[PDB]
Amino acid sequence: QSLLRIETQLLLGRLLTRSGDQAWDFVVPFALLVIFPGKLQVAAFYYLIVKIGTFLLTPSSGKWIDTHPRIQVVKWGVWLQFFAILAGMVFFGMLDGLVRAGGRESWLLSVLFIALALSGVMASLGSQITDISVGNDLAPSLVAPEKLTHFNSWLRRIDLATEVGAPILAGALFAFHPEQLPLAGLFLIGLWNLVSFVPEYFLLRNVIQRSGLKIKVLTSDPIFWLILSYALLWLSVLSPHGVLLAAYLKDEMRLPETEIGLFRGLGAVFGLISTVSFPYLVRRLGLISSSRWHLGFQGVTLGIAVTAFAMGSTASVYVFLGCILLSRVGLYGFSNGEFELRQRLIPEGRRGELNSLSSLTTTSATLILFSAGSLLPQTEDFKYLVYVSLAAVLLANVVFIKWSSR
Ligand SMILES: [K+]
Ligand SMILES: [Zn+2]
Ligand SMILES: [Zn+2]
């Protein structure tokens with residue numbers, strides 16, 4: 001019944017489920033292009049209706065949680081993801097089974113896909129439900145701020161371990177590919193996700209029962225351009241954490257799933273470089289200049305990436321992907337600058353209004369992005385999203401530089 005015991009358990013429990021989510025969410029675009037090879041539109045349209053279906057059901061779900069005990073909301077959300085991942089695997093096995101019949105001409109296939117995406121909605125919806133029940137003020141209201149700052153120091157390390165490790169572990173397991181079934185690797189990662197959910201439910205439920213009353217029983221116009229220049233970066237496809245690029249690298253580039261996993265894992269590593277560079281430039285150039293020098297550094301590294309992207313050789317793909325990793329240092333740096341600049345220009349009172357406006361602009365860019373992806377002719381035409389991405393980054397510089405004159 002020691003605090004350190006409770007801490008280590010929750011950490012290990014999070015280690016499994018965070019790796020489970022990261023692995024599963026990384027192999028989804030892969031499984032969508034073995035059922036629909038050459039057709040990236042499916043992957044984009046899948047994520048498009050998942051994003052829309054989640055947004056339209058977010059305020060609808062809030063009314064059925066606002067007056068319910070946290071110990072039940074956890075019971076719902078966690079197991080809601082469990083049955084949504086399971087339903088995802090079922091629809092996946094059927095879609096591959098129907099195409100291999102086959103089988104794509106029937107309207108039966110379209111039904112399975114809509115159902116599949118609907119399942120993807122429930123998984124993300126159940127994820128939100130679990131997050132709200134666990135809340136934001138529940139962690140500080142449970143532990144002293146001195147023992148929490150030590151605890152939060154471990155979370156960053158563990159979340160880093162999953163963001164770097166799980167995509168590599170996923171790409172290896174997904175690369176199973178036996179004679180039958182060819183999606184056995186996907187099913188294992190899906191099972192990985194399920195097994196990692198049952199300690200999550202218990203560890204999050206036991207912490208509620210342990211602390212009954214400690215937590216709650218129930219559950220500027222010129223500042224717009226600063227938001228915009230950050231929201232324009234949500235229009236880009238050039239990211240190791242991006243799903244569209246991962247599908248293009250697996251279908252057209254025909255790169256091994258494991259190296260694509262490594263490529264994603266190395267993305268979080270360059271993110272750490274920003275945690276040293278961005279603070280350095282702040283004390284040396286200024287907060288505003290550091291943001292510009294990071295956003296500018298992002299736009300100049302992505303410029304090289306597109307240049308190498310036009311060559312199309314075994315060496316050019318190495319430079320292309322490499323510059324994308326190098327661009328992360330600038331992105332993560334500018335993204336931090338985005339947050340702190342708002343923390344210095346907006347009081348703690350009306351900070352809630354700002355965060356919501358950003359959640360409207362950035363999400364719009366997300367919808368716009370996958371909408372463009374849903375209008376693609378083929379995976380080969382994904383290149384047109386690459387040039388748009390760089391333009392979105394270069395213009396994001398223009399918008400920020402214009403705003404920086406203040
Ligand atoms: K999990
Ligand atoms: Zn201490
Ligand atoms: Zn493969």
# chains A, B, ... in the order shown; residues from 1 in each chain; ligands from 1
>>> residues_near_ligand(ligand="ligand 3", cutoff="7 Å", atoms="only C-alpha atoms and all ligand atoms", output="ChimeraX atom specification")
/A:175,177,256-257
>>> write_last_selection(atoms="N, CA and C atoms", output="short mmCIF file (atom, residue, chain, number, x, y, z; two decimals), in the first residue's frame")
data_model
loop_
_atom_site.label_atom_id
_atom_site.label_comp_id
_atom_site.auth_asym_id
_atom_site.auth_seq_id
_atom_site.Cartn_x
_atom_site.Cartn_y
_atom_site.Cartn_z
N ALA A 175 5.16 -7.23 -39.86
CA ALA A 175 5.90 -7.82 -40.97
C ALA A 175 5.94 -9.34 -40.86
N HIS A 177 3.42 -11.65 -41.92
CA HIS A 177 3.04 -12.06 -43.27
C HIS A 177 3.25 -13.55 -43.57
N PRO A 256 10.35 -1.42 -46.22
CA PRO A 256 9.99 -2.37 -45.16
C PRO A 256 9.22 -1.68 -44.04
N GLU A 257 8.22 -2.36 -43.48
CA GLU A 257 7.39 -1.78 -42.43
C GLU A 257 8.20 -1.46 -41.18
#
>>> residues_around(residues="residue 243 (chain A)", least_positions_apart="5", cutoff="10 Å", atoms="only C-alpha atoms", output="PDB file with N, CA and C atoms, in the first residue's frame")
ATOM      1  N   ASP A  25      -2.225   2.212 -33.771  1.00  0.00           N
ATOM      2  CA  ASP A  25      -2.508   3.395 -34.577  1.00  0.00           C
ATOM      3  C   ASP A  25      -1.463   3.612 -35.671  1.00  0.00           C
ATOM      4  N   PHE A  26      -0.387   2.834 -35.624  1.00  0.00           N
ATOM      5  CA  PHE A  26       0.673   2.928 -36.623  1.00  0.00           C
ATOM      6  C   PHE A  26       0.487   1.903 -37.737  1.00  0.00           C
ATOM      7  N   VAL A  27      -0.163   0.788 -37.414  1.00  0.00           N
ATOM      8  CA  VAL A  27      -0.333  -0.301 -38.371  1.00  0.00           C
ATOM      9  C   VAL A  27      -1.688  -0.260 -39.072  1.00  0.00           C
ATOM     10  N   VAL A  28      -2.543   0.676 -38.671  1.00  0.00           N
ATOM     11  CA  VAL A  28      -3.834   0.853 -39.332  1.00  0.00           C
ATOM     12  C   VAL A  28      -3.700   1.282 -40.803  1.00  0.00           C
ATOM     13  N   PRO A  29      -2.840   2.279 -41.108  1.00  0.00           N
ATOM     14  CA  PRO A  29      -2.737   2.614 -42.533  1.00  0.00           C
ATOM     15  C   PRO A  29      -2.072   1.510 -43.353  1.00  0.00           C
ATOM     16  N   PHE A  30      -1.287   0.665 -42.693  1.00  0.00           N
ATOM     17  CA  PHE A  30      -0.636  -0.456 -43.361  1.00  0.00           C
ATOM     18  C   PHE A  30      -1.653  -1.512 -43.781  1.00  0.00           C
ATOM     19  N   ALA A  43      -7.475   5.099 -47.065  1.00  0.00           N
ATOM     20  CA  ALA A  43      -6.826   5.437 -45.803  1.00  0.00           C
ATOM     21  C   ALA A  43      -7.192   6.846 -45.350  1.00  0.00           C
ATOM     22  N   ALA A  44      -7.153   7.790 -46.282  1.00  0.00           N
ATOM     23  CA  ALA A  44      -7.484   9.176 -45.977  1.00  0.00           C
ATOM     24  C   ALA A  44      -8.965   9.329 -45.642  1.00  0.00           C
ATOM     25  N   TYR A  47      -9.776   7.996 -42.199  1.00  0.00           N
ATOM     26  CA  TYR A  47      -9.423   8.957 -41.160  1.00  0.00           C
ATOM     27  C   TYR A  47     -10.294  10.205 -41.230  1.00  0.00           C
ATOM     28  N   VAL A 237       1.913  16.936 -44.660  1.00  0.00           N
ATOM     29  CA  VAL A 237       1.941  15.478 -44.610  1.00  0.00           C
ATOM     30  C   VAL A 237       3.334  14.988 -44.238  1.00  0.00           C
ATOM     31  N   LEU A 238       4.300  15.901 -44.272  1.00  0.00           N
ATOM     32  CA  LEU A 238       5.693  15.563 -44.006  1.00  0.00           C
ATOM     33  C   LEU A 238       5.965  15.448 -42.509  1.00  0.00           C
ATOM     34  N   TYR A 248       2.264   5.951 -47.924  1.00  0.00           N
ATOM     35  CA  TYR A 248       2.973   6.207 -49.172  1.00  0.00           C
ATOM     36  C   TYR A 248       4.343   5.532 -49.171  1.00  0.00           C
TER      37      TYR A 248
END
>>> closest_residue(among="A:333, A:148, A:322, A:235", to="residue 3 (chain A)", atoms="only C-alpha atoms")
A:148
>>> closest_residue(among="A:373, A:265, A:145, A:222", to="ligand 2", atoms="only C-alpha atoms and all ligand atoms")
A:145
>>> select_by_dssp(residues="region 9-187 of chain A", states="helix (DSSP H, G or I)", output="compact mmCIF listing (two decimals) with N, CA and C atoms, in the first residue's frame")
# COMPACT_ATOMS: atom_id res chain seq x y z
N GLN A 9 3.34 0.77 -10.52
CA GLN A 9 2.29 -0.04 -11.15
C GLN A 9 1.59 0.74 -12.26
N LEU A 10 1.18 1.97 -11.95
CA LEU A 10 0.52 2.83 -12.92
C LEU A 10 1.45 3.14 -14.10
N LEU A 11 2.74 3.27 -13.81
CA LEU A 11 3.73 3.53 -14.85
C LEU A 11 3.88 2.33 -15.78
N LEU A 12 4.03 1.15 -15.19
CA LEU A 12 4.14 -0.08 -15.97
C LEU A 12 2.85 -0.35 -16.73
N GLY A 13 1.72 -0.05 -16.10
CA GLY A 13 0.42 -0.21 -16.73
C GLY A 13 0.26 0.72 -17.91
N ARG A 14 0.76 1.94 -17.77
CA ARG A 14 0.70 2.91 -18.85
C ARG A 14 1.66 2.51 -19.97
N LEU A 15 2.79 1.92 -19.59
CA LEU A 15 3.79 1.48 -20.55
C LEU A 15 3.22 0.50 -21.57
N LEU A 16 2.37 -0.41 -21.10
CA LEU A 16 1.76 -1.41 -21.97
C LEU A 16 0.69 -0.82 -22.88
N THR A 17 -0.19 -0.01 -22.30
CA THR A 17 -1.33 0.52 -23.05
C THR A 17 -0.94 1.66 -23.99
N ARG A 18 0.10 2.41 -23.63
CA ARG A 18 0.58 3.48 -24.50
C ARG A 18 1.32 2.88 -25.69
N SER A 19 2.05 1.80 -25.44
CA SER A 19 2.72 1.07 -26.50
C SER A 19 1.69 0.36 -27.37
N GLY A 20 0.60 -0.09 -26.75
CA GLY A 20 -0.47 -0.77 -27.45
C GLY A 20 -1.21 0.15 -28.40
N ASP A 21 -1.50 1.36 -27.95
CA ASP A 21 -2.19 2.35 -28.77
C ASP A 21 -1.29 2.85 -29.90
N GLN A 22 -0.03 3.13 -29.56
CA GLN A 22 0.93 3.64 -30.54
C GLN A 22 1.21 2.63 -31.64
N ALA A 23 1.27 1.35 -31.28
CA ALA A 23 1.53 0.29 -32.24
C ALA A 23 0.33 0.08 -33.16
N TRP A 24 -0.85 0.04 -32.56
CA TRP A 24 -2.08 -0.17 -33.31
C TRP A 24 -2.37 0.99 -34.26
N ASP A 25 -2.22 2.21 -33.77
CA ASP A 25 -2.51 3.40 -34.58
C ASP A 25 -1.46 3.61 -35.67
N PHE A 26 -0.39 2.83 -35.62
CA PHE A 26 0.67 2.93 -36.62
C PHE A 26 0.49 1.90 -37.74
N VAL A 27 -0.16 0.79 -37.41
CA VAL A 27 -0.33 -0.30 -38.37
C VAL A 27 -1.69 -0.26 -39.07
N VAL A 28 -2.54 0.68 -38.67
CA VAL A 28 -3.83 0.85 -39.33
C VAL A 28 -3.70 1.28 -40.80
N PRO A 29 -2.84 2.28 -41.11
CA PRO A 29 -2.74 2.61 -42.53
C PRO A 29 -2.07 1.51 -43.35
N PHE A 30 -1.29 0.66 -42.69
CA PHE A 30 -0.64 -0.46 -43.36
C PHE A 30 -1.65 -1.51 -43.78
N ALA A 31 -2.57 -1.83 -42.87
CA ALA A 31 -3.59 -2.84 -43.13
C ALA A 31 -4.63 -2.34 -44.12
N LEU A 32 -4.73 -1.02 -44.25
CA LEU A 32 -5.69 -0.43 -45.18
C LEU A 32 -5.17 -0.47 -46.61
N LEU A 33 -3.87 -0.69 -46.77
CA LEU A 33 -3.27 -0.69 -48.10
C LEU A 33 -2.79 -2.07 -48.52
N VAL A 34 -3.16 -3.09 -47.74
CA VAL A 34 -2.99 -4.47 -48.18
C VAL A 34 -4.35 -4.98 -48.61
N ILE A 35 -5.39 -4.29 -48.15
CA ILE A 35 -6.76 -4.56 -48.56
C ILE A 35 -7.09 -3.66 -49.74
N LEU A 40 -4.70 5.05 -51.84
CA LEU A 40 -4.47 5.78 -50.59
C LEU A 40 -5.74 6.48 -50.11
N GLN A 41 -6.65 6.75 -51.05
CA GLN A 41 -7.88 7.47 -50.75
C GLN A 41 -8.67 6.81 -49.64
N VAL A 42 -8.65 5.48 -49.62
CA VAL A 42 -9.33 4.71 -48.58
C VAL A 42 -8.80 5.09 -47.20
N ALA A 43 -7.48 5.10 -47.07
CA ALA A 43 -6.83 5.44 -45.80
C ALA A 43 -7.19 6.85 -45.35
N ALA A 44 -7.15 7.79 -46.28
CA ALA A 44 -7.48 9.18 -45.98
C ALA A 44 -8.96 9.33 -45.64
N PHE A 45 -9.82 8.73 -46.47
CA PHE A 45 -11.26 8.81 -46.27
C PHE A 45 -11.67 8.13 -44.97
N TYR A 46 -10.95 7.06 -44.61
CA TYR A 46 -11.16 6.38 -43.34
C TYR A 46 -10.93 7.34 -42.19
N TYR A 47 -9.78 8.00 -42.20
CA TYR A 47 -9.42 8.96 -41.16
C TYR A 47 -10.29 10.21 -41.23
N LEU A 48 -10.84 10.48 -42.41
CA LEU A 48 -11.71 11.63 -42.60
C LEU A 48 -13.04 11.45 -41.87
N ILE A 49 -13.68 10.32 -42.09
CA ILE A 49 -14.98 10.05 -41.48
C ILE A 49 -14.83 9.66 -40.01
N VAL A 50 -13.64 9.21 -39.64
CA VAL A 50 -13.35 8.93 -38.24
C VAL A 50 -13.27 10.24 -37.46
N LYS A 51 -12.60 11.23 -38.05
CA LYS A 51 -12.48 12.55 -37.43
C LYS A 51 -13.83 13.25 -37.34
N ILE A 52 -14.61 13.16 -38.41
CA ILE A 52 -15.93 13.78 -38.45
C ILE A 52 -16.90 13.08 -37.49
N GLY A 53 -16.94 11.76 -37.56
CA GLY A 53 -17.83 10.97 -36.72
C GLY A 53 -17.54 11.16 -35.24
N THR A 54 -16.28 11.43 -34.92
CA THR A 54 -15.88 11.64 -33.53
C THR A 54 -16.30 13.03 -33.06
N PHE A 55 -16.15 14.01 -33.95
CA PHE A 55 -16.49 15.40 -33.62
C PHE A 55 -17.99 15.58 -33.45
N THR A 58 -18.90 13.90 -30.06
CA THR A 58 -18.23 14.42 -28.87
C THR A 58 -19.18 15.22 -27.96
N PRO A 59 -19.97 16.16 -28.52
CA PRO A 59 -20.90 16.83 -27.59
C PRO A 59 -22.07 15.93 -27.22
N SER A 60 -22.35 14.93 -28.05
CA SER A 60 -23.45 14.01 -27.80
C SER A 60 -23.12 13.07 -26.65
N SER A 61 -21.84 12.74 -26.49
CA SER A 61 -21.41 11.83 -25.44
C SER A 61 -21.26 12.57 -24.11
N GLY A 62 -20.92 13.85 -24.19
CA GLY A 62 -20.71 14.66 -23.00
C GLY A 62 -21.95 14.80 -22.13
N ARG A 70 -17.35 8.93 -11.74
CA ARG A 70 -16.12 8.64 -12.46
C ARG A 70 -15.80 7.14 -12.51
N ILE A 71 -16.22 6.41 -11.48
CA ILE A 71 -15.91 4.98 -11.39
C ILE A 71 -16.68 4.18 -12.45
N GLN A 72 -17.75 4.77 -12.98
CA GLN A 72 -18.53 4.12 -14.03
C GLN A 72 -18.07 4.56 -15.41
N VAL A 73 -17.70 5.84 -15.53
CA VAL A 73 -17.24 6.39 -16.80
C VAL A 73 -15.95 5.70 -17.24
N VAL A 74 -15.10 5.36 -16.28
CA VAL A 74 -13.89 4.58 -16.56
C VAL A 74 -14.27 3.19 -17.04
N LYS A 75 -15.27 2.60 -16.39
CA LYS A 75 -15.74 1.26 -16.75
C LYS A 75 -16.29 1.23 -18.17
N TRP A 76 -16.88 2.34 -18.60
CA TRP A 76 -17.43 2.45 -19.94
C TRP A 76 -16.33 2.64 -20.98
N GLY A 77 -15.60 3.75 -20.86
CA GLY A 77 -14.61 4.15 -21.85
C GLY A 77 -13.54 3.13 -22.17
N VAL A 78 -12.98 2.51 -21.13
CA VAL A 78 -11.91 1.53 -21.32
C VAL A 78 -12.39 0.31 -22.10
N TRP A 79 -13.52 -0.24 -21.69
CA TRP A 79 -14.07 -1.42 -22.35
C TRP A 79 -14.73 -1.06 -23.69
N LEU A 80 -15.05 0.21 -23.87
CA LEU A 80 -15.60 0.68 -25.14
C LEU A 80 -14.51 0.65 -26.21
N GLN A 81 -13.28 0.94 -25.81
CA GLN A 81 -12.14 0.85 -26.71
C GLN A 81 -11.83 -0.61 -27.01
N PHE A 82 -11.93 -1.45 -25.98
CA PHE A 82 -11.66 -2.87 -26.10
C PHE A 82 -12.51 -3.52 -27.19
N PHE A 83 -13.81 -3.24 -27.17
CA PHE A 83 -14.74 -3.82 -28.13
C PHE A 83 -14.69 -3.09 -29.47
N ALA A 84 -14.08 -1.92 -29.48
CA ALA A 84 -13.93 -1.16 -30.72
C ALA A 84 -12.69 -1.61 -31.48
N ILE A 85 -11.65 -1.99 -30.74
CA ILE A 85 -10.45 -2.55 -31.34
C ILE A 85 -10.76 -3.95 -31.85
N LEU A 86 -11.55 -4.69 -31.08
CA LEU A 86 -11.95 -6.04 -31.45
C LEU A 86 -12.82 -6.02 -32.70
N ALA A 87 -13.76 -5.08 -32.75
CA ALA A 87 -14.63 -4.91 -33.91
C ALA A 87 -13.81 -4.46 -35.12
N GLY A 88 -12.74 -3.72 -34.86
CA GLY A 88 -11.85 -3.29 -35.92
C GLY A 88 -11.14 -4.47 -36.56
N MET A 89 -10.68 -5.40 -35.73
CA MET A 89 -9.99 -6.58 -36.21
C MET A 89 -10.92 -7.50 -36.99
N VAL A 90 -12.16 -7.61 -36.53
CA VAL A 90 -13.15 -8.44 -37.21
C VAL A 90 -13.44 -7.91 -38.61
N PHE A 91 -13.70 -6.61 -38.70
CA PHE A 91 -13.96 -5.97 -39.98
C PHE A 91 -12.72 -5.98 -40.87
N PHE A 92 -11.55 -5.99 -40.25
CA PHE A 92 -10.30 -6.06 -40.99
C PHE A 92 -10.11 -7.44 -41.63
N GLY A 93 -10.31 -8.48 -40.83
CA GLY A 93 -10.18 -9.84 -41.31
C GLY A 93 -11.19 -10.17 -42.39
N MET A 94 -12.36 -9.55 -42.31
CA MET A 94 -13.40 -9.76 -43.30
C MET A 94 -13.11 -9.00 -44.59
N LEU A 95 -12.63 -7.77 -44.46
CA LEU A 95 -12.31 -6.95 -45.62
C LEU A 95 -11.21 -7.58 -46.47
N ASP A 96 -10.17 -8.09 -45.81
CA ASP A 96 -9.11 -8.80 -46.51
C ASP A 96 -9.64 -10.10 -47.09
N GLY A 97 -10.55 -10.74 -46.36
CA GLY A 97 -11.14 -11.99 -46.80
C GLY A 97 -12.10 -11.81 -47.96
N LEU A 98 -12.73 -10.64 -48.03
CA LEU A 98 -13.68 -10.35 -49.09
C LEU A 98 -12.98 -9.91 -50.37
N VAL A 99 -11.90 -9.15 -50.22
CA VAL A 99 -11.11 -8.72 -51.37
C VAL A 99 -10.42 -9.92 -52.02
N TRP A 107 -21.43 -4.22 -52.97
CA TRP A 107 -21.71 -3.16 -52.01
C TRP A 107 -21.49 -3.67 -50.59
N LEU A 108 -21.24 -4.97 -50.47
CA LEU A 108 -20.96 -5.60 -49.18
C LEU A 108 -19.64 -5.08 -48.60
N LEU A 109 -18.69 -4.78 -49.48
CA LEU A 109 -17.39 -4.27 -49.07
C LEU A 109 -17.50 -2.87 -48.49
N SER A 110 -18.33 -2.04 -49.11
CA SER A 110 -18.53 -0.67 -48.65
C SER A 110 -19.17 -0.65 -47.26
N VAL A 111 -20.03 -1.64 -47.01
CA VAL A 111 -20.68 -1.76 -45.71
C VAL A 111 -19.66 -2.06 -44.62
N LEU A 112 -18.76 -3.01 -44.91
CA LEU A 112 -17.72 -3.38 -43.97
C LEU A 112 -16.80 -2.21 -43.64
N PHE A 113 -16.49 -1.40 -44.65
CA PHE A 113 -15.60 -0.26 -44.46
C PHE A 113 -16.23 0.82 -43.59
N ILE A 114 -17.49 1.16 -43.88
CA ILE A 114 -18.22 2.13 -43.07
C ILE A 114 -18.30 1.65 -41.63
N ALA A 115 -18.57 0.36 -41.47
CA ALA A 115 -18.61 -0.26 -40.15
C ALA A 115 -17.24 -0.21 -39.48
N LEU A 116 -16.20 -0.43 -40.28
CA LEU A 116 -14.83 -0.40 -39.78
C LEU A 116 -14.47 0.99 -39.25
N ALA A 117 -14.79 2.01 -40.03
CA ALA A 117 -14.52 3.39 -39.65
C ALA A 117 -15.36 3.78 -38.45
N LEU A 118 -16.59 3.29 -38.41
CA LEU A 118 -17.49 3.53 -37.29
C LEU A 118 -16.88 2.93 -36.02
N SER A 119 -16.22 1.79 -36.18
CA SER A 119 -15.51 1.16 -35.07
C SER A 119 -14.31 2.00 -34.67
N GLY A 120 -13.66 2.61 -35.65
CA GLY A 120 -12.54 3.49 -35.40
C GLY A 120 -12.98 4.72 -34.64
N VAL A 121 -14.23 5.13 -34.87
CA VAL A 121 -14.81 6.26 -34.16
C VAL A 121 -15.00 5.92 -32.68
N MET A 122 -15.54 4.74 -32.42
CA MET A 122 -15.79 4.29 -31.05
C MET A 122 -14.51 4.17 -30.24
N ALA A 123 -13.44 3.73 -30.89
CA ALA A 123 -12.14 3.58 -30.24
C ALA A 123 -11.60 4.94 -29.79
N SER A 124 -11.67 5.92 -30.68
CA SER A 124 -11.23 7.27 -30.37
C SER A 124 -12.20 7.95 -29.41
N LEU A 125 -13.48 7.63 -29.55
CA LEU A 125 -14.51 8.17 -28.66
C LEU A 125 -14.33 7.60 -27.26
N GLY A 126 -14.09 6.30 -27.18
CA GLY A 126 -13.84 5.63 -25.92
C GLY A 126 -12.55 6.12 -25.28
N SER A 127 -11.62 6.58 -26.11
CA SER A 127 -10.37 7.14 -25.62
C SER A 127 -10.61 8.48 -24.94
N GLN A 128 -11.48 9.30 -25.54
CA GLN A 128 -11.85 10.58 -24.96
C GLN A 128 -12.57 10.37 -23.63
N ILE A 129 -13.52 9.44 -23.63
CA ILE A 129 -14.30 9.12 -22.44
C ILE A 129 -13.41 8.71 -21.27
N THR A 130 -12.39 7.91 -21.56
CA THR A 130 -11.45 7.46 -20.54
C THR A 130 -10.60 8.62 -20.02
N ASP A 131 -10.24 9.53 -20.92
CA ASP A 131 -9.43 10.69 -20.57
C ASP A 131 -10.17 11.65 -19.64
N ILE A 132 -11.45 11.89 -19.92
CA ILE A 132 -12.25 12.82 -19.14
C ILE A 132 -12.49 12.29 -17.72
N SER A 133 -12.76 10.99 -17.62
CA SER A 133 -12.97 10.36 -16.32
C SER A 133 -11.71 10.44 -15.46
N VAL A 134 -10.56 10.21 -16.08
CA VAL A 134 -9.28 10.34 -15.40
C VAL A 134 -8.97 11.82 -15.16
N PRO A 145 2.37 18.16 -4.91
CA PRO A 145 3.04 18.69 -6.10
C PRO A 145 4.53 18.36 -6.18
N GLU A 146 5.15 18.06 -5.04
CA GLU A 146 6.57 17.73 -5.01
C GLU A 146 6.81 16.28 -5.45
N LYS A 147 5.86 15.40 -5.14
CA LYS A 147 5.97 14.00 -5.51
C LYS A 147 5.35 13.75 -6.88
N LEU A 148 4.65 14.76 -7.40
CA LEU A 148 4.04 14.67 -8.72
C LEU A 148 5.00 15.16 -9.79
N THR A 149 5.78 16.19 -9.47
CA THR A 149 6.77 16.71 -10.40
C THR A 149 7.87 15.67 -10.63
N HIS A 150 8.09 14.82 -9.64
CA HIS A 150 9.01 13.69 -9.79
C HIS A 150 8.35 12.60 -10.62
N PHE A 151 7.04 12.45 -10.42
CA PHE A 151 6.27 11.44 -11.14
C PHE A 151 6.08 11.82 -12.60
N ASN A 152 5.80 13.10 -12.85
CA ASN A 152 5.63 13.59 -14.21
C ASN A 152 6.94 13.52 -14.99
N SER A 153 8.05 13.53 -14.27
CA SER A 153 9.37 13.40 -14.88
C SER A 153 9.55 12.01 -15.47
N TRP A 154 8.89 11.03 -14.87
CA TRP A 154 8.96 9.65 -15.34
C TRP A 154 8.03 9.41 -16.53
N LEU A 155 6.88 10.09 -16.53
CA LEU A 155 5.91 9.95 -17.60
C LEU A 155 6.51 10.35 -18.95
N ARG A 156 7.22 11.48 -18.96
CA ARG A 156 7.87 11.97 -20.17
C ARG A 156 8.87 10.95 -20.72
N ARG A 157 9.56 10.26 -19.82
CA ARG A 157 10.52 9.24 -20.21
C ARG A 157 9.82 8.01 -20.78
N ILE A 158 8.72 7.61 -20.15
CA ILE A 158 7.98 6.42 -20.56
C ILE A 158 7.22 6.67 -21.86
N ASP A 159 6.59 7.84 -21.97
CA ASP A 159 5.89 8.22 -23.19
C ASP A 159 6.87 8.32 -24.36
N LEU A 160 8.11 8.69 -24.05
CA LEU A 160 9.17 8.74 -25.04
C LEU A 160 9.58 7.32 -25.45
N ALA A 161 9.63 6.43 -24.46
CA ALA A 161 10.02 5.05 -24.70
C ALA A 161 9.02 4.33 -25.60
N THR A 162 7.76 4.73 -25.51
CA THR A 162 6.71 4.11 -26.32
C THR A 162 6.66 4.74 -27.71
N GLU A 163 6.88 6.05 -27.78
CA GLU A 163 6.80 6.75 -29.06
C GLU A 163 7.98 6.39 -29.96
N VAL A 164 9.08 5.95 -29.35
CA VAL A 164 10.26 5.55 -30.11
C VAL A 164 10.28 4.04 -30.33
N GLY A 165 9.88 3.29 -29.31
CA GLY A 165 9.97 1.84 -29.34
C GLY A 165 8.82 1.12 -30.02
N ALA A 166 7.59 1.44 -29.63
CA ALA A 166 6.41 0.76 -30.15
C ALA A 166 6.27 0.81 -31.68
N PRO A 167 6.52 1.97 -32.32
CA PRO A 167 6.44 1.96 -33.78
C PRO A 167 7.44 1.00 -34.43
N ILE A 168 8.58 0.80 -33.77
CA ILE A 168 9.58 -0.14 -34.26
C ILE A 168 9.12 -1.57 -33.99
N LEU A 169 8.56 -1.80 -32.81
CA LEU A 169 8.04 -3.11 -32.44
C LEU A 169 6.84 -3.50 -33.29
N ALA A 170 6.04 -2.51 -33.66
CA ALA A 170 4.84 -2.74 -34.46
C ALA A 170 5.20 -3.16 -35.88
N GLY A 171 6.12 -2.41 -36.50
CA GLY A 171 6.53 -2.67 -37.86
C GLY A 171 7.19 -4.03 -38.05
N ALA A 172 7.77 -4.55 -36.97
CA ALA A 172 8.40 -5.87 -37.00
C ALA A 172 7.35 -6.97 -36.88
N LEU A 173 6.41 -6.78 -35.96
CA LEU A 173 5.35 -7.76 -35.74
C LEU A 173 4.37 -7.79 -36.90
N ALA A 184 -1.90 -11.86 -39.87
CA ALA A 184 -1.69 -12.43 -38.55
C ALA A 184 -0.90 -11.47 -37.67
N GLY A 185 0.02 -10.73 -38.28
CA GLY A 185 0.82 -9.75 -37.57
C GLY A 185 -0.02 -8.61 -37.04
N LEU A 186 -1.02 -8.20 -37.82
CA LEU A 186 -1.94 -7.16 -37.40
C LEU A 186 -2.79 -7.63 -36.23
N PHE A 187 -3.21 -8.89 -36.29
CA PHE A 187 -4.08 -9.47 -35.27
C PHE A 187 -3.36 -9.62 -33.94
>>> closest_residue(among="A:100, A:144, A:220, A:264", to="ligand 2", atoms="only C-alpha atoms and all ligand atoms")
A:144
>>> decode(residues="region 200-207 of chain A", atoms="N, CA and C atoms", output="PDB file, in the first residue's frame")
ATOM      1  N   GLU A 200      -5.108  -1.513 -17.511  1.00  0.00           N
ATOM      2  CA  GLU A 200      -5.469  -0.101 -17.531  1.00  0.00           C
ATOM      3  C   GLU A 200      -6.778   0.135 -16.789  1.00  0.00           C
ATOM      4  N   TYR A 201      -7.749  -0.744 -17.014  1.00  0.00           N
ATOM      5  CA  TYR A 201      -9.045  -0.631 -16.356  1.00  0.00           C
ATOM      6  C   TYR A 201      -8.924  -0.776 -14.843  1.00  0.00           C
ATOM      7  N   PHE A 202      -8.165  -1.774 -14.401  1.00  0.00           N
ATOM      8  CA  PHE A 202      -8.010  -2.046 -12.976  1.00  0.00           C
ATOM      9  C   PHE A 202      -7.214  -0.955 -12.264  1.00  0.00           C
ATOM     10  N   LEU A 203      -6.062  -0.601 -12.823  1.00  0.00           N
ATOM     11  CA  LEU A 203      -5.184   0.391 -12.211  1.00  0.00           C
ATOM     12  C   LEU A 203      -5.840   1.764 -12.123  1.00  0.00           C
ATOM     13  N   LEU A 204      -6.719   2.063 -13.074  1.00  0.00           N
ATOM     14  CA  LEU A 204      -7.431   3.335 -13.068  1.00  0.00           C
ATOM     15  C   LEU A 204      -8.681   3.262 -12.202  1.00  0.00           C
ATOM     16  N   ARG A 205      -9.153   2.051 -11.930  1.00  0.00           N
ATOM     17  CA  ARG A 205     -10.328   1.870 -11.084  1.00  0.00           C
ATOM     18  C   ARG A 205      -9.930   1.805  -9.615  1.00  0.00           C
ATOM     19  N   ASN A 206      -8.794   1.170  -9.342  1.00  0.00           N
ATOM     20  CA  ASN A 206      -8.305   1.029  -7.976  1.00  0.00           C
ATOM     21  C   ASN A 206      -7.868   2.362  -7.380  1.00  0.00           C
ATOM     22  N   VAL A 207      -7.432   3.278  -8.236  1.00  0.00           N
ATOM     23  CA  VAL A 207      -6.992   4.589  -7.779  1.00  0.00           C
ATOM     24  C   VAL A 207      -8.200   5.468  -7.453  1.00  0.00           C
TER      25      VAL A 207
END
